[PDB]
Protein chains: 2
Amino acid sequence: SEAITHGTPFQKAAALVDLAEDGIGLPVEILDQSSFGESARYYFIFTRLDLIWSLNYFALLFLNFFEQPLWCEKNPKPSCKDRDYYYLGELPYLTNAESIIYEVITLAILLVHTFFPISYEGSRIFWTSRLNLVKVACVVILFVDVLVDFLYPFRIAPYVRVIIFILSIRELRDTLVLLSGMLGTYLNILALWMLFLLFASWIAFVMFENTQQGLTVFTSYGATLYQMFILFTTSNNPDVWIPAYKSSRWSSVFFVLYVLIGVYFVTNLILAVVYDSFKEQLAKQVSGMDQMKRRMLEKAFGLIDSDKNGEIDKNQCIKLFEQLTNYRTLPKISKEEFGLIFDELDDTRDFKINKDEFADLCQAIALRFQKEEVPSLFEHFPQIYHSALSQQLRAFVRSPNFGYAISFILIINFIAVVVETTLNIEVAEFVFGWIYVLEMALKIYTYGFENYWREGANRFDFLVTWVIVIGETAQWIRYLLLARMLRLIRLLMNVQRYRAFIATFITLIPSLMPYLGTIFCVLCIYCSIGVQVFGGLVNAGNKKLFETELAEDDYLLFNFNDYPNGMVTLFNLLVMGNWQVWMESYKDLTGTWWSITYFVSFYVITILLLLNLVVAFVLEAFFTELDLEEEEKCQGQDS
Amino acid sequence: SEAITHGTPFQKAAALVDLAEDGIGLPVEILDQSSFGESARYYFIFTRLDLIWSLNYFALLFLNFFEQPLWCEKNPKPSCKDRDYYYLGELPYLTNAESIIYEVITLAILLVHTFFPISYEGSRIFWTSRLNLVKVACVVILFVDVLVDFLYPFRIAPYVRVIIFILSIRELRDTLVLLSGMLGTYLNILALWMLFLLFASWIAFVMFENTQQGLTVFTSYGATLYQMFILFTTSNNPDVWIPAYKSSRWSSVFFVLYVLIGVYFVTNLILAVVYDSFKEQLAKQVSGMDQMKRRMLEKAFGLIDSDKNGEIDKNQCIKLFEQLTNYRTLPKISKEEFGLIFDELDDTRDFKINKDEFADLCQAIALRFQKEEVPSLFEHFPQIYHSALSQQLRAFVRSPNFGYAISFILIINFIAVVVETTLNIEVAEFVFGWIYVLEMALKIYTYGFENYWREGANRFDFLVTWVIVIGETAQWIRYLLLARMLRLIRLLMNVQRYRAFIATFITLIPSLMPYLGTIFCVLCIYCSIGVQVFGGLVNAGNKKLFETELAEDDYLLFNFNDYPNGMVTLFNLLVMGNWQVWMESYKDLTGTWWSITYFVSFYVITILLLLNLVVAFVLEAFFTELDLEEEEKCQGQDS
Ligand SMILES: CCCCCCCCCCCCCCCCCC(=O)OC[C@H](COP(=O)(O)O)OC(=O)CCCCCCCCCCCCCCCCC
Ligand SMILES: CCCCCCCCCCCCCCCCCC(=O)OC[C@H](COP(=O)(O)O)OC(=O)CCCCCCCCCCCCCCCCC
Ligand SMILES: CCCCCCCC[C@H](CCCCCCC(=O)O)C(CCCCCC)CCCCCCCCC(=O)O
Ligand SMILES: CCCCC[C@@H](CCCCCCCCCC(=O)O)[C@@H](CCC)CCCCCCCCCCCC(=O)O
Ligand SMILES: CCCCCCCCCCCCCCCC(=O)O
Ligand SMILES: CCCCCCCCCCCCCCCC(=O)O
Ligand SMILES: CCCCCCCCCCCCCCCC(=O)O
Ligand SMILES: CCCCCCCCCCCCCCCC(=O)O
Ligand SMILES: CCCCCCCCCCCCCCCC(=O)O
Ligand SMILES: CCCCCCCCCCCCCCCC(=O)O
Ligand SMILES: CCCCCCCCCCCCCCCC(=O)O
Ligand SMILES: CCCCCCCCCCCCCCCC(=O)O
Ligand SMILES: CCCCCCCCCCCCCCCC(=O)O
Ligand SMILES: CCCCCCCCCCCCCCCC(=O)O
Ligand SMILES: CCCCCCCCCCCCCCCC(=O)O
Ligand SMILES: CCCCCCCCCCCCCCCC(=O)O
Ligand SMILES: [Ca+2]
Ligand SMILES: [Ca+2]
Ligand SMILES: [Ca+2]
Ligand SMILES: [Ca+2]
Ligand SMILES: [Ca+2]
Ligand SMILES: [Ca+2]
């Protein structure tokens, strides 16, 4: 029935097309699994045991990574007044009973995942791999740190759990390779940036020693390097230069010129470079993906010929199309695609195919023809009861007006909830959960499970959906109604006036899970530093606190006293909304100026990753939507 | 001796090459001046009288445009307590004696400039031109508004003086054509932006009616459209949602998600479109410049042939090269540049050149060969005294080691001023002005005046230089020293690690006088509205003032009470440094909510002009520096 498990046959024609399939969605086979003379050994039976059991790991990888808000402050134990939540968080900290029990679950599924591939690698290959060397070394640190915390330094567990989580998921590991290639270009331009403040912190220190400014703010030199740095951010534009503006108006024409050159040229010209190297790293990554295509299709070509003369005949290629489980038609499609595929010299009558010549053909059936779909029938015991009865169900759903009725009836679904909100006031709340699950139970069986996972954001829907079922067993549904109308703006994207915008903006939701995943990881590093470095300062009873800007502006909850409060407090520093409130606080709270180098180290690293990974990527991928909108209507007219 | 004035001869070969010169720097000749059968009539004698006398107009155009800070508040006359400078400016307002005297100068040189091209256009052409029609109509309003002031409404003079000044200078007029072509794309995407606030102002109004938030901030719906708009700017990130964060921590996950989608996607996806249409408007402007090349070189081709059979012979083309007066020796360089120019007809062997074929040749001598230089000798009475003696001078300066000694001895020039600063404490200040003018008096005589004007930013230097001489006749020299070391960072751009950055940043100083000129003009519109609309509100003795954020944050010097205080207040609103202090003030000072639509109109219009004309242009022009750096080393190796 299916095409999933078949690595045990894997004939001349059987799994050879699935090798050609792995160019299409580009799944990975390890090069050693491609290296073998059989290339389908007992090792590879274990390899496909991973990619079926993969989503077990995201109930580890996210599970390990989100442990860190649930953990304690570093220092409640020296403290007095412990259990007072003076500005702390709301999640309960897991005590040493609940500490260790969560971690035996965690270090199990690591060791299964990390010592998985020796099932399909040689030990001299596993233990040689520099990527693998780090992840095993990151295991043992946790494997130590679990065992030490049982019997019971600054506790470097939670720095590692990020770096396991970065290296584990292939998006975040692919992403981070760029910031080895970008970083050699970014750091050289940073020396030219760092020069721009220093040159222009020097003049305004020199210029305003004489006036009221050096009496007030610009006392030290490094108290101008501090201040004219904050003007480069412009979260401080009038408050810096009031007493230079108040005395003579002609000091604005300095500061309105420095900020102007600072923001509107340089922070574009940092963006210009970081957008320029991102172009060159993206292709160098992409051509690093197509050698994985060519080193797959070489295996797809080398599996065919036994003589390995370098050539496959047309019927020898048509028998691939017959073993393709093909679309519906094969009389002359290769004969149709002879000249249509870019170049054939057509020397011999049919049987002139080179190793390069095939690599266009499997991509052409992927791009234009879109031939294949995996049924994935059943497990074999209830199958025939349901395989007959599915033809009385899945006749209904595969009818596309009913598929439009999946869009049409989804309009009805949110309409009842508005009036029912008031009238439930004038459990009953769990009753409407049954209506929500019902529509999504249908198309799972129509599609198939990973066929449901291949769908765009309906993938993301069932991610939301089951937790809604889980969250009701342990009001909010009112605010959770909005996800239904959220996909009705996916009917806005067919509007031609507003197309290439929402063509981007919906495509850019899966396109920025890596590059916004990494930024979430960088915060989980910077928070865990702020927990350890800046932990217990903002007290109830601190008297150096209340004269600082966190008290006047009342941002006391934006605080590093725990982990999750520091997790939000990084976010405003990431946004640049009044981010100097914290920087001028902790220069007074820790009391010395080495705390300043925390937040600048945030800025230099964030305004790579913002100017790179968010901002510069959209201006690429909008152009991918744009020309594929234009060259759909161009080659809708052209050929 | 000279090559300037020669439109009175203009032989078959004489001014014909100067037609080919007018493709090189691309100066403009009007199409009617190209239309004529003579094309060098008595009209065109007056046309070159303009472009020599052009810099007389910038002592009008800047003169007219900078008049507006020197003028009065709209309303001191109803007021009590006039001559108290309660938060006012510092420039003296020109009284009605000095008001009119400045304007007879001004309306003279307009009328000379505006009724100039009747000297070279027909009356049915001058008065048909709608680009001319507006400027004449803008004259008469000022011609009225001067005469009304002499014989003693809201005084719409100063709106016009900008719009004369925009249409007068060809940079600002070329720029503004784009924002007719961009605006049809920008406004359609704005309706999708405007939708994003409204959709998401609606939820947080709905979501937080129940909690503390709707008690505090989110009372009205339109008081969330107000606030969630300011979160789109993020000049207000924690202060908006404290009491939604203070009560339940889980309401940050709204706001940290809304801002995230708001800033990092949409304000890139406004930038992506506005950078995309700027690409398409720039080329459409540029191909609008090359038809001006082709409709010049058609005149350059049509002036040659008397039979107009369509062909020019090789010697008939070589006699251009002899008349060109730009190379050393020319026996077979046409024969060198035959096949080197992309395609030759070569039919009737040396003599078959099409109208298209020449257009590469005139561009090739400008680009690659580049042997033109205009001598511009003297006026004819002191000429031979100096022209003989210049060969005893300009033997020195055109020697390239002395040209490096213009770079080398300029390094010495700033060094003495640091120690001399302290020792002048222990007029003498005007003595060091003589050293500064001296070095720039040299190369002018070596180059020539407009030859000095063709230079990159040394052009800008003499603009600085003479006002220094003027400003000393009517301390600051210390801060004026810095312009010498300012050009030593032009010896940093030859460093290969930092080249393509400063290749941009120095080329982008002339490249953003238009697109930062327009933004300067938009403020002079918005200030003049703020003078008239928001003029006299911020009193000394206002009692609704001191409880507002302009008093607490103490930005009281940033009113638009006068003109130039509102010129600078618009700067901070352009930067986005605490710009909601003003918006929440003037909603209390004028007291009703129509003042809000002032500052949003400043946002929507400027965050086109920032995201367009500043930001998106740099990411183009950095790529122009980048590939011309690469394809200098590529075709330094290739051909
Ligand atoms: C707080 C909870 C966060 C929830 C976010 C859920 C994201 C769902 C991802 C689940 C899939 C795990 C696969 C990731 C890597 C393994 C292989 C692979 O390449 O799959 C690619 C996967 C699709 O490929 P396939 O499913 O393997 O076929 O693409 C993705 O969508 C996920 C890529 C990165 C996911 C982790 C990074 C982001 C997580 C943290 C987010 C924090 C805040 C972000 C705010 C942005 C708001 C817009
Ligand atoms: C406050 C005083 C501002 C001083 C700025 C000086 C501006 C230089 C003007 C040069 C002479 C006037 C020519 C412009 C009219 C078009 C004719 C032409 O082709 O010349 C183009 C000229 C070069 O071409 P050429 O000299 O004719 O060969 O290019 C330019 O450099 C000037 C182009 C626009 C000038 C007016 C717009 C800007 C003025 C307002 C500045 C305020 C904001 C600037 C802040 C940014 C800081 C980095
Ligand atoms: C590079 C851009 C990355 C975006 C920055 C991180 C976003 C901040 C989110 C975490 C902090 C809020 C947690 C509040 C905890 C508390 O104070 O109780 C955060 C990420 C959410 C996932 C998608 C957003 C980007 C975590 C949200 C969890 C909320 C927990 C609140 C507890 C509720 C209770 O009362 O128990
Ligand atoms: C879109 C961004 C445009 C950038 C240009 C901005 C100004 C740069 C320098 C121009 C200076 C003009 C001086 C004219 C003299 C006068 O009218 O006062 C600039 C645009 C803001 C974005 C605005 C800032 C200019 C403010 C000038 C104030 C000087 C007042 C001095 C009076 C007191 C005295 O001289 O004694
Ligand atoms: C581009 C650099 C040029 C100007 C460089 C400025 C470096 C000056 C360093 C001085 C540091 C502090 C000076 C006075 C304060 C003190 O005595 O410590
Ligand atoms: C990247 C440029 C600056 C980065 C962070 C700003 C550093 C400015 C210097 C800090 C304060 C100056 C030294 C204090 C003087 C003192 O000890 O009295
Ligand atoms: C990689 C490091 C980045 C650069 C860090 C900036 C180092 C300069 C620190 C400035 C301190 C100068 C203040 C001394 C003057 C004084 O205290 O009187
Ligand atoms: C993923 C890499 C980890 C990043 C580097 C972490 C170590 C840098 C500084 C750590 C602590 C610095 C301050 C310690 C002072 C203290 O504990 O009181
Ligand atoms: C990675 C770039 C970070 C840049 C910021 C560096 C922090 C420098 C701190 C400057 C403080 C001045 C030195 C005196 C220290 C002290 O007085 O305690
Ligand atoms: C991607 C990881 C980046 C890591 C850089 C962050 C570490 C720089 C500063 C951390 C805290 C140092 C300042 C603490 C001052 C103190 O000891 O009191
Ligand atoms: C995308 C739009 C969907 C939601 C649109 C929300 C429009 C609601 C309009 C209500 C305005 C004020 C409502 C209560 C205040 C009043 O009674 O005036
Ligand atoms: C572009 C989106 C918004 C633009 C400016 C914000 C408009 C907010 C609405 C004004 C405040 C509330 C309206 C009146 C309420 C009242 O009169 O009580
Ligand atoms: C081109 C115009 C842009 C759109 C301008 C905003 C239009 C909506 C104004 C919001 C007012 C709604 C407030 C009414 C609710 C109330 O006062 O109770
Ligand atoms: C260059 C175009 C000019 C811009 C438009 C100018 C007129 C728009 C509004 C002008 C005044 C606004 C209302 C005046 C109220 C008052 O005078 O009290
Ligand atoms: C050009 C776009 C500007 C958008 C801002 C529009 C200003 C709308 C003002 C909203 C105020 C609510 C209406 C009530 C007026 C009043 O009470 O005086
Ligand atoms: C490029 C020119 C843009 C012109 C747009 C600015 C005019 C919009 C609002 C001007 C002031 C209107 C608000 C004043 C309300 C009042 O009279 O109190
Ligand atoms: Ca073979
Ligand atoms: Ca054939
Ligand atoms: Ca900001
Ligand atoms: Ca001829
Ligand atoms: Ca020839
Ligand atoms: Ca304050």
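Note that the numbers count up from 1, one per residue, in the order the chain is shown.
Structure method, as recorded: electron microscopy, 3.7 Å.
Every residue gets a Cβ built from N, Cα and C, even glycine.
Record features (Swiss-Prot):
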DOMAIN    A:292-327  domain 'EF-hand 1'
DOMAIN    A:333-368  domain 'EF-hand 2'
INTRAMEM  A:216-230  intramembrane segment
INTRAMEM  A:563-577  intramembrane segment
TOPO_DOM  A:72-99  topological domain 'Vacuolar'
TOPO_DOM  A:121-137  topological domain 'Cytoplasmic'
TOPO_DOM  A:170-188  topological domain 'Cytoplasmic'
TOPO_DOM  A:231-252  topological domain 'Vacuolar'
TOPO_DOM  A:274-398  topological domain 'Cytoplasmic'
TOPO_DOM  A:448-459  topological domain 'Cytoplasmic'
TOPO_DOM  A:494-504  topological domain 'Cytoplasmic'
TOPO_DOM  A:526-562  topological domain 'Vacuolar'
TOPO_DOM  A:578-598  topological domain 'Vacuolar'
TRANSMEM  A:51-71  transmembrane segment
TRANSMEM  A:100-120  transmembrane segment
TRANSMEM  A:189-209  transmembrane segment
TRANSMEM  A:253-273  transmembrane segment
TRANSMEM  A:399-419  transmembrane segment
TRANSMEM  A:427-447  transmembrane segment
TRANSMEM  A:476-493  transmembrane segment
TRANSMEM  A:505-525  transmembrane segment
TRANSMEM  A:599-619  transmembrane segment
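Going by the PDB entry, these are the annotated features:
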SEQADV    A:2-4  expression tag
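The largest share of C-beta pairs under 8 angstroms with the transmembrane segment (A:427-447) comes from A:476-493, of the ranges A:51-71, A:476-493, A:505-525, A:599-619. In terms of DSSP helix, strand and coil, the domain 'EF-hand 2' (A:333-368) has 19 helix, 0 strand, 17 coil. Outside the intramembrane segment (A:216-230), and at least 6 residues removed from its termini, the chain residues within Cβ reach (under 8 Å) are 197-198, 200-202, 204-205, 208-209, 236, 240, 243, 258, 580, 583, 596, 600. Contact between the transmembrane segment (A:100-120) and the transmembrane segment (A:51-71) is present: at least three CB pairs lie under 8 Å, with pairs separated by 6 or more positions in sequence. Per DSSP, the topological domain 'Cytoplasmic' (A:448-459) is made up of 7 helix, 0 strand, 5 coil. If you look at the transmembrane segment (A:189-209) against the transmembrane segment (A:253-273), you find at least three C-beta pairs under 8 angstroms, all six or more positions apart, and that counts as contact. For the topological domain 'Cytoplasmic' (A:494-504), the list of distant contacts is 618, 621-622, 625-626, 629: same-chain residues at least six beyond its ends, Cβ to Cβ under 8 Å.
Counting residue by residue with DSSP, the topological domain 'Vacuolar' (A:231-252) contains 15 helix, 0 strand, 7 coil. Long-range contacts of the topological domain 'Cytoplasmic' (A:170-188) within the same chain, counting only residues at least 6 positions beyond its ends with a Cβ under 8 Å from a Cβ of the stretch, are 28, 131, 273-274, 277-278, 280-282, 284-285, 513-515, 517-518, 521, 608, 612-613.
Long-range contacts of the topological domain 'Vacuolar' (A:72-99) within the same chain: residues 149, 152, 154-155, 531-532, 535-536, 538-541, 556-557, 559, 561-565, each at least 6 residues beyond the stretch ends and with a Cβ under 8 Å from a Cβ of the stretch. Residue counts for the topological domain 'Cytoplasmic' (A:121-137) under DSSP, split into helix (H, G, I), strand (E, B) and coil, are 12 helix, 0 strand, 5 coil. Counting same-chain residues at least six beyond the ends of the topological domain 'Cytoplasmic' (A:448-459), those with a Cβ under 8 angstroms from any Cβ of the stretch are 373-376, 487, 506, 509-510. Sequence-remote contacts of a segment are chain residues at least 6 beyond its ends whose Cβ falls under 8 Å from one of its Cβ atoms, and for the topological domain 'Vacuolar' (A:578-598) they are 226, 230, 233, 235-236, 529-530, 533-534, 537-538, 542, 544-545, 548-550, 553, 555, 558, 569, 572.
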